[PDB]
């Protein structure tokens, strides 16, 4: 089964080609995931200089197949069921009173490595706003539970959740996520009952890293059934 591919530690590679208000950037990430613990340890670097947007706004875009689905919920794990062929993950992220990200990604196995290749398009961002102005706290932000629902029409799922970024000096910048995932292959997948993913993240910095970067720790676990 697809879940058998996640029994141990799996290496991860991430690639993101971004474009925000016509300003292009590129991020390369790598690390490992341990679905048994819903644990992700990843590091991301910008290869194109300082990012035009804050790192926290890219976290959700930069591998939910590593969520821990407890034994009693494994029937509802769409992400692993679509492996190894993978799935397309599309999102529209509305930043309240600001621009929006539109993202399309392929999450699939290349060899023994889980790969996440992303194309991101951002438009309508305010130069004097919280995003382009880099006013979002690096760890001052909390992510609501990722509420997942089946999308039988497309043999996939949909997800909805808000990310709440603390603004430096006060305030919260909301990011409304609208998500859709579709399998790449034709094989049968697991269409889940309503549930959610509980997430916990920690951003940090590598003191040896010279490039604009983000060290990333995440725990993600399924619940709600």
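Numbering follows the first chain given and starts at 1.
Taking residue 62 and residue 63 as adjacent modelled residues, how many residues of the deposited sequence between them have no coordinates (none, 1 to 3, 4 to 9, 10 or more)?
Just 1 to 3 residues are missing between them.
Mean Cα B factor from the PDB record: higher for 103-111, or higher for 146-154?
According to the PDB entry, the answer is 146-154.
Averaging the C-alpha B factors as listed in the entry, name the stretch that ends up higher: 164-172 or 46-54.
Mean B over CA atoms: larger for 164-172.
Once the chain's modelled residues are ordered by C-alpha B factor and cut into thirds, is residue 86 in the lowest, middle or highest one?
As the PDB entry reports it, the C-alpha B-factor of residue 86 lands in the lowest third of its chain.
Please place residue 139 in the lowest, middle or highest third of its chain by C-alpha B factor as given in the entry.
According to the entry, residue 139 has a C-alpha B-factor in the chain's highest third.
How does residue 193 rank on Cα B-factor within its chain, lowest, middle or highest third?
Middle third.
Ranking every modelled residue in this chain by its Cα temperature factor as given in the entry, which third contains residue 117?
For residue 117, the deposited C-alpha B-factor lands in the lowest third.
Among the modelled residues of this chain, does the Cα B factor of residue 35 put it in the lowest, middle or highest third?
For residue 35, whose C-alpha B-factor we compare with every modelled residue in the chain, the answer is the lowest third.
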